[PDB]
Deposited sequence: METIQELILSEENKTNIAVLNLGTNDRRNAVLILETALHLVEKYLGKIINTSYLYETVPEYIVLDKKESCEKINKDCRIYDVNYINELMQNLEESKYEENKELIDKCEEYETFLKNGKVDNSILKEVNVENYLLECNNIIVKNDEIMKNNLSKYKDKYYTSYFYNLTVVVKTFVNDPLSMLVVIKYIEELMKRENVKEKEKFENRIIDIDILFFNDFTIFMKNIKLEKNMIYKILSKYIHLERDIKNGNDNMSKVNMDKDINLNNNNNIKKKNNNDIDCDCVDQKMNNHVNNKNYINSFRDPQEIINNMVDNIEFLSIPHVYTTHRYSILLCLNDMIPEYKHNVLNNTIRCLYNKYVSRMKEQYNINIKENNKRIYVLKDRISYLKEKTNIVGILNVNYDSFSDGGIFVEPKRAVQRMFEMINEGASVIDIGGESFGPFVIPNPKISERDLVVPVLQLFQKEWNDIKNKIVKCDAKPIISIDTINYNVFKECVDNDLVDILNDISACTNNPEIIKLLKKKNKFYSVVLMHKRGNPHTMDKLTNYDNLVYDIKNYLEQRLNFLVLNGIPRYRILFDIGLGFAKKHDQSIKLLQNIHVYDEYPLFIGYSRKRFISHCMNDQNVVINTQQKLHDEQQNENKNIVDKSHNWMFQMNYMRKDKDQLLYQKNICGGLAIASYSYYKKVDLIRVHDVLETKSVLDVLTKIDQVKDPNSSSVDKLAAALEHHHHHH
């Protein structure tokens, strides 16, 4: 109509699916699309995990330069933080929204038409008998007037991304039920829709789109039929119930899982893997316990009683940790008055940035696996300098971004996302030991972290880039740090980052030599024993963490910890999973 172009200031809620077949580049492609959605469609306000899925039965330098020559949007990009989105709440509850521009169909008619598509598609795949999928859902607060307009823009975005490569579907658009059977749009109509949203500069693209939209189905035809879609939606909007559905997303999800089990004896989760991202690569949730080596610049420079920072010593230590098998380095410093009068002082920034810059330089000078760099800071300005100068990959925020929530804006650039660790604590090092009463220790901390993740996700931080840290020793008695470990299973769905290394609660476990503690100043014989015991105690927690599938463990003793993980991994590497009962029967037989 003309209503499609009738420029009333609408605010709409759309749910999208983003999928690619390209394994090695799945992150780059999917995040590229995320940026294009954020630029051309509205605000990203929810995301699912990334998933590698198996079905029911390229030279990427193009992308990099594509990103520098993009047409401006006709809508303002706004990075401002939000703590709620009223239209999102309305969508979630089916609160009364404005009637659909496009004509709607009734439920029954909708169901029949979708079934027709599924049957027809099922049959074609039989004849066609002459691969991994990567999937991500997003909720978008959109300024686009209707799903046909949005699909038009989506189709434009897909074309921009071509030199399936990328597939962007619309799953929901408000509470609308729509099935438009025959769609041919003339080139000028596509132009005018595109022109309503983009400052169009270019004509090669339009042509390819003309035939590419045969029909429009909202909800997407496959919404309830493809497990991988249910799986993603279940991360984002588990309590959502659309009119066309028999139950909530969560109930539909659980029924699919349980019926796959009851009826086909298939565990559908086994072949559909949750992914998290540390830097720019896929990591499979719960498949690997990574080592994060600790670089505390204060300790490294000043614990011997010296007064100067030694950046070359610090960078050397970093190379040592890389050689010892750390996958990640966590660097931190604190503003410090190093005399007896504490007023002449060196800043956090001067502690860590020069070290990071010398590391970057020294790494570059050896092109003859770069470790992921994490920075343990709560300070906006420090993180901004690091990120602007490409010195770090991950924010490690021990306040869970409550010290300065604005730091969260630094985790998204135009063509980049950064991962973040959120830790639980109460207070600071001076007060925390007293801040120890919890109503329900395990669940208070979990609920705390979940609420922070909900806040970041609302602000367009991708769900799969957010890691949880329970903060061992930070406002927990020794027995409570243990109890948190005893109940580490409550994090089985989440990327988990823990730090037990050299903490007092380990010594609290002890009763009544090749030294693992490199002394900075001479300690008495009993303290050397205590340190050695503490480091071995933590190697015990490394083993536990291995068996509990903790994703990252943050340690001072990298060599020791890697030796433990290598042996446990080797003992787990079972060549034949049936051998043990097969060999058993054979011995009973012979």
> Which runs of the deposited chain sequence never show up in the coordinates?
Replying inline: 1 to 4, 62 to 79, 153 to 160, 194 to 204, 243 to 301, 469 to 474, 619 to 644, 723 to 728
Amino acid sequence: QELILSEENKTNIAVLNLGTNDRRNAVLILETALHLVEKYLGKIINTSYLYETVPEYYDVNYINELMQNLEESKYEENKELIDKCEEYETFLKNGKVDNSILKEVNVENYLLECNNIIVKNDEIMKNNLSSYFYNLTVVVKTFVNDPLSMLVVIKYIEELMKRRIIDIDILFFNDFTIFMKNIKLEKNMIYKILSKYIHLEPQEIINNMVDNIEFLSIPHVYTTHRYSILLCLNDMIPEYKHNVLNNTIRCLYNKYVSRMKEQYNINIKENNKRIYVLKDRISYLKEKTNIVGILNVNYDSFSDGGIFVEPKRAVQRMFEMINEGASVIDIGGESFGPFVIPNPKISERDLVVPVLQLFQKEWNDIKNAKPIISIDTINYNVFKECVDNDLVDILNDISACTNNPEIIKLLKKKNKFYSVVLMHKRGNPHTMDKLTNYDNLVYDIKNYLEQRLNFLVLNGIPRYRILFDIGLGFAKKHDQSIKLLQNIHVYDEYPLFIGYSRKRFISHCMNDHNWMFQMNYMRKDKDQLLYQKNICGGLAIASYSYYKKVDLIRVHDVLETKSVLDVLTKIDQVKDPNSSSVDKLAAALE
From here on, numbers count along this sequence of modelled residues.
> Got a sec? Mean C-alpha B-factor, which is higher, 403 to 411 or 146 to 154?
Replying inline: 146 to 154
> Would 520 to 528 or 38 to 46 have the larger average of its C-alpha temperature factors, as given in the entry?
Replying inline: 520 to 528
> Based on what the PDB entry reports, which of 191, 276, 491, 383 has the top C-alpha B-factor?
Replying inline: 191
> Looking at 108, 444, 324, 175, which has the highest Cα B-factor in the entry?
Replying inline: 108
> With respect to C-alpha B-factor, does residue 315 fall in the lowest, middle or highest third of the chain as deposited?
Replying inline: middle
> Against its chain's modelled residues, does residue 390's Cα B factor rank lowest, middle or highest third?
Replying inline: middle
> C-alpha B factor of residue 466, ranked within the chain: lowest, middle or highest third?
Replying inline: lowest
> Can you tell me which third, lowest, middle or highest, the CA B-factor of residue 567 falls into for its chain?
Replying inline: lowest
> residue 351: which third of its chain by C-alpha temperature factor?
Replying inline: middle
